[PDB]
Amino acid sequence: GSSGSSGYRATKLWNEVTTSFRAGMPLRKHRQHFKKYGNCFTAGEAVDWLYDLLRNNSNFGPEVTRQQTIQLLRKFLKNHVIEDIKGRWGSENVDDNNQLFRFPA
């Protein structure tokens, strides 16, 4: 065997969070008039689910503010953690106002 991990500390955190987020909740009931979508969720809602999850930890602590959440989220989409409803992945631009997202495959 051979041991040679890089930034294990940082890597661990990311994995931990991503692991909790990915699973988090199965589905959420959001306002929707049309049927086109339903199993998706607006970015906003996520901001909280993730934000709270971040502060809960010690690394981020309660010092982390909503703003930080949106900034970090940008990385998630870039890392292919969350794909848009249509199927657009690979960007660092994510709003917390109104945007339908979905899990990739």
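Method of determination, as given in the entry header: solution NMR.

A few words now on the overall build of the protein. Within the protein one finds 3 helices and 3 strands. Reading the secondary structure of the protein in the N-to-C direction produces α-β-α-α-β-β. Each principal axis of the C-alpha distribution contributes one length, and for the protein these read about 55 × 35 × 25 Å. Counting all 105 residues of the protein, 28% fall into the buried class.

All right, on to helix α1 (residues 8-23) then. Across its 16 residues, α1 extends 22 Å between first and last C-alpha, which sits within 8% of the 22 Å expected from 1.5 Å per residue. For α1, the full list of buried residues reads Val17, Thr18 and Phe21. Down the axis of α1, the buried side of the element spans an arc of 100°, and every buried residue falls inside it. Pointing more than 90 degrees away from the buried face of α1 are the exposed residues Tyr8, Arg9, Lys12 and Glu16. Among the structural elements, α2 (43-56) and α3 (66-78) are those in contact with the buried residues of α1. Looking one or two places after α1, you find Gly24, whose phi comes out positive at around 35°.

Conventions adopted
Residues numbered from 1 in each chain as written, not as in the entry; some residues may be left out. Heavy atoms only, no water. Helix = DSSP H or I, 4+ residues; strand = E, 2+ residues; numbered from the N terminus. Buried < 20%, exposed > 50% of the residue type's maximum accessible area, 1.4 Å probe, protein only. Expected span 1.5 Å × (residues − 1). Arc of directions from axis to C-beta. Contact = heavy atoms within 4.5 Å.

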